[PDB]
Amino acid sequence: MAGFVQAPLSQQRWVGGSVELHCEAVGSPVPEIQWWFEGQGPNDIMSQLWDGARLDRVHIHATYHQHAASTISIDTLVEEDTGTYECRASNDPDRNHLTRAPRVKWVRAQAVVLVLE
């Protein structure tokens, strides 16, 4: 299984600033970490963030020696960066792809980021 030894921390930032969130997890094998995001307002749903997202303002750096560590950074914040950021970790062999054995659950830990003008 996979478990968190550090969760990302909620924070309030300013339009034009930056934010950095950190996540750490253990397991054997060493788990993979992904970052996911959900905006405000009942239209928005959780989707995966990727290195280079949002016009290359989002950056993800990860290492996997002995334990999983991952940092997500966002340049030059705008208001719509506001929302819930979620770190997910798993060492399930089928987590990528499958096959209709349909469904690895990743453990999740959340931080809310509020961007004010």
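For every residue, the number given is its place in the sequence shown, counted from 1.
- According to the PDB record, 42-50 carries the higher mean C-alpha B-factor of the two stretches 70-78 and 42-50.
- Between 52-60 and 88-96, it is 88-96 that carries the larger average Cα temperature factor according to the deposited entry.
- When the C-alpha B-factors of 104, 21, 25, 107 are read from the PDB record, the largest value belongs to 104.
- Ranked within its chain, residue 11 lands in the middle third, by CA B factor from the PDB record.
- For residue 5, the recorded CA temperature factor ranks within the lowest third of the chain's modelled residues.
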